[PDB]
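A.B. asks: An experimental structure, sequence included, is below.
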Amino acid sequence: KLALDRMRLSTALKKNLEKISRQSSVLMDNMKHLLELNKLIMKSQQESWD
Amino acid sequence: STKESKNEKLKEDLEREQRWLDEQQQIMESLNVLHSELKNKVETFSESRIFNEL
């Protein structure tokens, strides 16, 4: 059921980000904040492991 | 917030176990020189020395 849900969410985000809509002006900022927080979690995980 | 505080705990833990390794090596270098002085002083003063000194 989780695999069917993640495939429907992956096709829903693919049809979302295929066409440029009006929610992209906050969705691009949300993806930039998530990639900066994930880069901080990568550097923290590497330094904590070493 | 809970992993950077885990990093700030472990940098405090980087000081303490390095100090605890420095204390345990200071035990280890002092127990080596007390084992060498005890092996060199197995033979004590003689039985005939105590009668003539007293």
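C.D. replies: Nice, I can see it. Residues are numbered from 1 along each chain as shown, chains lettered A, B, ... in the order given.
A.B. asks: now the longest helix anywhere in chain A: how far from the chain's centre is it?
C.D. replies: If you go by DSSP state H, chain A has its longest helix at helix A:24-49. Remark: helix A:24-49 is offset 9 Å from the chain centroid, using Cα atoms, centre = their mean, to the nearest Å.
A.B. asks: Which single residue of chain A ends up nearest chain B?
C.D. replies: residue A:44 (5.4 Å; Cβ to the nearest Cβ). Every C-beta, even on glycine, is put in place using the N, C-alpha and C of the backbone.
A.B. asks: Can you verify my assumption that that residue contacts residue B:5?
C.D. replies: No. Between residue A:44 and residue B:5 there is no contact under Cβ atoms under 8 Å: 10.6 Å.
A.B. asks: Show me the residue sitting in the middle of the chain in space.
C.D. replies: Just going to use chain A. Central residue check for chain A by Cα atoms, centre = their mean: the C-alpha nearest the mean position is that of residue A:31, 5.5 Å away.
A.B. asks: you looked at the wrong chain, it should be chain B
C.D. replies: Most central in chain B (Cα atoms, centre = their mean) works out to residue B:27, at 1.1 Å.
A.B. asks: What helix or strand is that one located in?
C.D. replies: Following DSSP states H and E, one finds residue B:27 within helix B:4-39.
A.B. asks: So which bits of chain A are right by chain B?
C.D. replies: Counting by Cβ under 8 Å from any Cβ of the partner chain, the positions of chain A adjacent to chain B are A:41, A:44, A:45, A:47, A:48.
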